[PDB]
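One structure is given below, encoded as structure tokens.
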Amino acid sequence: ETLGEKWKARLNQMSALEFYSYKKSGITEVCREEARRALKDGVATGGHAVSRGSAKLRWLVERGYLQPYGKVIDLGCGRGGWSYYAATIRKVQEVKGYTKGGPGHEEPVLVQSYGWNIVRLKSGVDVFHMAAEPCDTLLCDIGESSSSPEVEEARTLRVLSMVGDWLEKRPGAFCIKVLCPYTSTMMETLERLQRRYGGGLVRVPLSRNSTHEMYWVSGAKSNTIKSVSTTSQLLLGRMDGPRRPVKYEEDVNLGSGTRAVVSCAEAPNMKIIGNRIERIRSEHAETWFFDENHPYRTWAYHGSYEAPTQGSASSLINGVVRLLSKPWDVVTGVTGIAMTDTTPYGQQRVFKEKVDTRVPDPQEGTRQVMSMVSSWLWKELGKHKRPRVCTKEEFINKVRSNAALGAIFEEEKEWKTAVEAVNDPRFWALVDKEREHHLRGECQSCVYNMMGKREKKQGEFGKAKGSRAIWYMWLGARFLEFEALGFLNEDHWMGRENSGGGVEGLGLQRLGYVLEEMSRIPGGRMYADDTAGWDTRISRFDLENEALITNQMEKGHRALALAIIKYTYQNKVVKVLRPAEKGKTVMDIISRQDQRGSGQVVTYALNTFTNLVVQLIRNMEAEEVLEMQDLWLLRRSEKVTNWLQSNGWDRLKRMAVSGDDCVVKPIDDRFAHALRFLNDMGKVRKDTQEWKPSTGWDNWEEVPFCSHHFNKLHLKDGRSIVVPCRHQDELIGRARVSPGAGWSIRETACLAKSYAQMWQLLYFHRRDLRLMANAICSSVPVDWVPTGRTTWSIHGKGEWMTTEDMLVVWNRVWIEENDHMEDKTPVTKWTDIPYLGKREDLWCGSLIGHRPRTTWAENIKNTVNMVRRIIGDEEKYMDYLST
Ligand SMILES: Nc1ncnc2c1ncn2[C@@H]1O[C@H](CSCC[C@H](N)C(=O)O)[C@@H](O)[C@H]1O
Ligand SMILES: [Zn+2]
Ligand SMILES: [Zn+2]
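Right, here's the structure in full:
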């Protein structure tokens, strides 16, 4: 009927050679060879266009049909070349990109093109079910070419029926793909929408001649039929006669590096940290400079200089575990697990979103409630115990050789390992120097080093996930910390003994008993909700409440303590890695006055403390003691301590608090919706709607705490034991990974054994974990020593790191030292110990009953013998498998 529809009919009529002739005939294209090589490798610093679309947006804006600015939203970012070109534009200030990804379709690619620091991308989003947000510039490249116009219409109509919802929130500029603009209903609807919102339709000559695709843009204005018939006419004419010459152009070069951004950070207290700053400058005045392109909004930028790049993302596999776990090759939750990206790139692309936040400054009423609760808790904790100056002797008592230097200055660059330094009086001479400066009120050396952590974590986009930041200080400063405050860890101030709610020291064996005991106490449901990125949410006021313990010290101890707190905690100076433009890599120095780092000596202590403060506050709001205006200012202060000294311990012993994570059993269900003080402090609940009621639980076995939910089991004779559990796939994945680069197969086998005896010790109740662990200890020589680290949890002491037999260690930890089990009879054989319930083992990730696990289970000894052969025969193996 129409000039377009006939062209489509003809296009379908054709054959393959005519297809080829027409498709490329006489359009413009870009030199994409450079780019496709850079994509083959993934050279982020090249600064090349990740897709074709970057040119399409370039043409649209440089010709002047689009006026992009401010907050930009890319719908269907795909690779993200639209977003990546957006980043470059002078007036843009934030780029959000949404797409689907998953099986078959494109996932977002990550590069270091100019302004990448404002690019937040996400996948797994069927934007139809996503709500609208107020963008300044709206982009949508969502089309889906097909043969029949029947579908082109329907799909473009679905697209528009979606994007209207967004458009009615008045974007300053917009560009949306319109696949099918050539039919009756389409011309109609496009005319109506052009009337009701403006804009105009433009055809890009870069696009292939095989579709009628057009773009709907803000800056232009034109009648629909007129442009549609221009495109239809030219498309038709191009068909017959000569195959007209293609036009070559060069692809846009995006540049590289970061972009200048809103600097809304708090100004620094120059005389606390100035000594450290100007020391660093005096050291590196060779190449010292101030980069104008900084991606940091909340940190005070103090300068940068050239440095060498650190870490990598490469991830090695432990063939022992893998070849023993062939049937798990299909599950994504296992194969997708890999290393964390600890390059400056991978550090920063987590930093800029997770770490670069500034918390809502809580109101004076919540401020006063926090200081009150913290004062009461400092009183009640320091009743039995009292502080003390910790000694050099105890420091070297604790120390072992595998800790980190923190090599910052020249004077500290002598040693290589800890046990070497600790026995050299030069070290302690410098410690005494920094101490006698601290007592005078000047900080010279206590400076933070920072890099991303090496973790085994889920892969995102089918790629290495970004590394969360870890920052710690040089060892001497850690000694100052320890002598001042380390007594909190040493004397077990957070132990359940003294505290009641804390569990400082208790291993993963015992904690379930705490959960059951808590469950026997009557009340409402059990409520465990994880706080979103705890460390970054800590405010000045929380730190100043944690400094109140100094009330109970003596004057020397308080002098050193407050010195270290103020010049260290409440004013922090950091050295961080950033990747510069065109390859080179640099070090930046920044400061701030809130949050806490995971490399502080009393991280666990302080976190558990203020977390207890928060849980107390939430129980006060839940049980209606805190009224709704007391956020603003405190009415009847007294009635806080009236409650605390009536029920404070009574509620406290209904808590299990471990640093970041928490578990509570309140009196009634109102705790589920007493979120307002919780929100005011800035301690939001992770990835749940900020104001929605909390998901509680009834049966205590299904409570997750420190990534584990605990289950009770009766022995085959009669006694009862409590064991920790989690999802199998996580542990099999963790085992698969090899932390070290360039490691001989020996130490990878050592790791494999470490994991094996970890499973035997802890997750024996899992059929596949016991099976595979016995297979590992069998196929691995029982000679060799277990080395490496398994799961970073502090509640794993390291009890499986010895060639001792695991039956005896099992008896020791689960019976002989088992304080919650009276009957001391050590059971003599493995297969007496029961597995978990079949339905629950299936639920937590087991593959029992399925044919891969059957086939692999029957051929276990063939594979194990193959492992022995590949390692090297005539080494002392042992066949643990009996059954
Ligand atoms: N409704 C939807 N929401 C998000 N992504 C979608 C989608 N429908 C398709 N996609 C995926 O997202 C991509 C959109 S096209 C990619 C173009 C990209 N914006 C660029 O700058 O070059 C497609 O490859 C498709 O696989
Ligand atoms: Zn200092
Ligand atoms: Zn379980």
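Taking the entry's author numbering as reference, the numbering of the sequence shown is continuous, increasing by one, and the terminal residue is 888. Each residue gets a CB set at the ideal place from its N, CA and C atoms; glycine is no exception.
Burial of residue 715 is indicated by the presence of at least 16 other C-beta atoms within 10 angstroms of its C-beta.
Rounded to the nearest whole angstrom, the CA to CA distance from residue 773 to residue 766 is 14 Å. Taking a C-beta distance under 7 Å as the contact criterion, residue 661 and residue 323 do not qualify as a contact pair. Residue environment analysis places residue 78 among the buried positions, since at least 16 neighbouring C-beta atoms fall within 10 angstroms of its C-beta.
By the Cβ criterion, the stretch 328 to 339 is not in contact with the stretch 284 to 301, since fewer than three pairs of Cβ atoms, one from each stretch, lie closer than 8 Å.
Assignment of residue 556 by DSSP, reduced to helix, strand and coil, places it in the helix class. The beta-carbon separation of residue 119 and residue 92, rounded to 6 Å, stays under the 8 Å limit for a contact. By the CB criterion at 7 Å, residue 8 and residue 234 fall inside the cutoff. Cα atoms of residue 248 and residue 198: separation of roughly 37 Å, rounded to the nearest angstrom. For residue 730, the CB falls within less than 6 Å of some heavy atom of ligand 3. Using a 10 angstroms sphere on the CB of residue 253, the tally of other CB atoms stays under 16, which defines it as exposed. The beta carbon of residue 493 lies closer than 6 Å to those of 607 and 610 in the same chain, with the five residues before and after it left out. The DSSP-derived three-state label of residue 79 is strand. Spatial neighbours of residue 96 in its own chain (CB-CB distance under 8 Å, excluding positions within 5 residues in sequence) are listed in chain order as 73, 74 and 75. With contacts defined as CB atoms closer than 7 Å, residue 102 and residue 71 fail to qualify as a contacting pair. Contact annotation: residue 201 and residue 219 have beta-carbon atoms that are not nearer than 7 Å. In the structure shown, residue 719 adopts extended strand secondary structure according to DSSP, grouped into three states. Taking the C-beta atoms as reference points, residue 257 is found no nearer than 7 Å to residue 43. Fully contained in the stretch 98 to 173 are the following alpha helix (DSSP H) runs of length 4 or more, in chain order: 154 to 172. Nearest in C-alpha terms to residue 818, of all of 515, 418, 445 and 616, is 515.
Fewer than three Cβ pairs drawn from the stretch 395 to 415 and the stretch 709 to 728 lie within less than 8 Å of each other, which leaves the two stretches out of contact. According to the DSSP assignment, residue 179 belongs to no alpha helix (DSSP H) but to the beta strand (DSSP E) extending over 178 to 183. Annotation for residue 448 indicates a beta carbon at 6 Å or more from all heavy atoms of ligand 3. Residue burial is scored here from C-beta neighbours: residue 25 has fewer than 16 other C-beta atoms within 10 angstroms and is therefore classed as exposed. Of the candidates 154, 164 and 112, the residue whose Cα lies closest to the Cα of residue 134 is 164. Counting along the chain, residue 234 sits inside no beta strand (DSSP E); it lies in the alpha helix (DSSP H) bounded by residues 229 to 244. In the three-state DSSP reduction, residue 482 falls in the helix class (H, G or I). The beta carbons of residue 499 and residue 476 sit no closer together than 7 Å.
Proximity to residue 595 across 578, 584, 40 and 582 peaks at 578, based on C-alpha coordinates.
Shown here, residue 507 sits in a strand according to DSSP, grouped into three states. For residue 132, the CB falls within less than 6 Å of some heavy atom of ligand 1. Rounded to the nearest whole angstrom, the CA to CA distance from residue 326 to residue 87 is 42 Å. Burial of residue 861 is indicated by the presence of at least 16 other C-beta atoms within 10 angstroms of its C-beta. The stretch 478 to 491 makes contact with the stretch 567 to 583; the number of CB pairs closer than 8 Å reaches 3 or more.
At least one heavy atom of ligand 1 is found less than 6 Å from the C-beta of residue 82.
Residue burial annotation: residue 650 is exposed, with fewer than 16 other C-beta atoms found within 10 angstroms of its C-beta.
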